[PDB]
Amino acid sequence: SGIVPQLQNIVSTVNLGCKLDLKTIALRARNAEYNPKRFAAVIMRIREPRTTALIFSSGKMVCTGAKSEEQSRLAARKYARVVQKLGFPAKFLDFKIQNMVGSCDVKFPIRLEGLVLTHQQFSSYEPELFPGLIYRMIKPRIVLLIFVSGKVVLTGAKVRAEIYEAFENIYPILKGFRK
DNA sequence: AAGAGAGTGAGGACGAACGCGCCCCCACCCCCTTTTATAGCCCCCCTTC
């Protein structure tokens, strides 16, 4: 096809294996913000990997914003080490990528009206609710946002191969509906 | 041969039962938050005349 999706967001969850005191972490952590009224977790952000991590008192943490699997793990390790430096016995257990988000352009306009008619069983096109077309890929469990401008967003993938496979499947379909 | 007490028929007030709710407590789910690209829609605020 000549176009490879670019991972825009990587969401991974890891378990530190230790109950945490959210109030203590916020008071000591450099970039952590805690608001039990708003959310029950602790939001911490770092610059070099450019990721945001939510820390829960149960010891489980969710890292988001990473643009690659390697960055996500490194960012998650940095958050885990920071909590460890605060006096907790934080570890790195069962690190897993929960969701991957990719974006790409087909370099041509797409007729969403024709696409949904031919793929009604997978396409839900409601301009009132959202201008983009929501395509739910089946063989890969991937949900794709196809837009008239040609931009395509892939989400719900657990591994990078799923993103590339999903885009490969959809590209010929989109090519047939070129405007 | 004559008094209180009583049988009977008969009317009037009261307690337990029957509903008939209005309030409550326990599952179940949803929502909160964060990240990201995308495009359209819409709202608040600023500026020009």
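If you check the header, you'll see the entry was determined by cryo-EM and the resolution is listed as 2.8 Å.

Caption draft 1: Broad picture of helix α4 (residues 160-176). Relative to the 24 Å expected for 17 residues at 1.5 Å per residue, α4 spans 25 Å between its end C-alpha atoms, a close match to the ideal helical length. At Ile 170, α4 is bent by approximately 30°, the largest bend along its length, and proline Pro 172 sits one to four residues beyond. Turning to α4, its buried residues are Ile 163, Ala 166, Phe 167, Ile 170, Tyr 171, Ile 173 and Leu 174. Packed against the buried residues of α4 are β1 (6-15), β6 (93-105), α3 (112-118), β8 (133-136), β9 (143-146) and β10 (151-157).

Caption draft 2: Seen up close, the protein's contact with DNA strand B. In the region of DNA strand B, 20 residues are neighbours, and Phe 39, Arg 50, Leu 54, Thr 64 and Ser 149 sit closest. Those atoms of DNA strand B that come within 4 Å of the protein belong to sugar or phosphate at a rate of 74%. Between DNA strand B and the protein, one listed contact pairs a phosphate oxygen with a side-chain N or O atom of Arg 50 at 2.8 Å. Between DNA strand B and the protein, one listed contact pairs a phosphate oxygen with a side-chain N or O atom of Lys 151 at 3.3 Å. Where the surface near DNA strand B is concerned, the elements lending two or more residues are β1, β4 (51-55), β5 (60-66), β6 and β10. With three residues, β1 is the single largest residue contributor to the surface near DNA strand B.

Caption draft 3: Up close: the pairing of β4. Within β4, four of the five residues are buried, which leaves it mostly tucked inside the rest of the structure. Summarising the sheet, strand β3 (residues 42-46) and β4 pair through five bridges and their orientation is antiparallel. Bridging across to β4, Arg 45 finds its partner in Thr 52. If you look at the hairpin formed by β3 and β4, you'll find four residues sitting between the two strands, and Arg 50 has a positive phi there, around 60°. Judged from the four bridges that link them, β4 and β5 form a sheet pairing that is antiparallel. Note on β5: the bridge partner recorded for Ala 53 is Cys 63. Turn length for the β4-β5 hairpin, with the two strands adjacent in sequence and antiparallel, is four residues, and the turn residue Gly 59 shows positive phi of about 100°.

Caption draft 4: Molecular detail of unusual backbone geometry. Unlike most non-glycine residues, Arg 50 shows phi in positive territory, near 60°. Structurally, the position occupied by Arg 50 is in the loop between β3 and β4. In this structure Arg 50 comes out as exposed when scored by relative accessible area, which is 62%. Phi is positive for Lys 107, close to 65°, though the residue is something other than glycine.

Caption draft 5: Examining the UniProt feature "binding site: DNA" in chain A more closely. The sites that carry the UniProt feature "binding site: DNA" are, in the present numbering, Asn 9, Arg 45, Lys 60, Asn 99 and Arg 136. Separation in sequence by 128 residues is matched in space for these annotated residues, since their most distant C-alpha atoms are 32.0 Å apart. The topology assignment puts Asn 9 in strand β1. Residues in contact with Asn 9, not counting those within four places in the same chain, are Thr 64, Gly 65, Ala 66, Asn 99, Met 100 and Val 101. Looking at where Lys 60 falls in the secondary structure, it is placed in strand β5. Among the residues examined, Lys 60 registers a relative accessible area of 47% and is labelled partly exposed. Look past the residues within four positions of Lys 60 in its chain and what remains in contact with it is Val 14, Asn 15, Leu 54 and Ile 55.

Parameters at a glance
Residues numbered from 1 in each chain as written, not as in the entry; some residues may be left out. Chains lettered and ligands numbered in written order. Part of a larger assembly, values for the part shown. Heavy atoms only, no water. Helix = DSSP H or I, 4+ residues; strand = E, 2+ residues; numbered from the N terminus. Expected span 1.5 Å × (residues − 1). Bend = angle between axes of the 7 residues up to and from the residue. Buried < 20%, exposed > 50% of the residue type's maximum accessible area, 1.4 Å probe, protein only. Contact = heavy atoms within 4.5 Å. Near = heavy atom within 4 Å. Polar contact = N/O pair within 3.5 Å; in protein donor to acceptor, adjacent residues only side chain to side chain. Pairing = 2+ DSSP bridges. UniProt positions renumbered as here; feature names shortened; annotations may be inferred.

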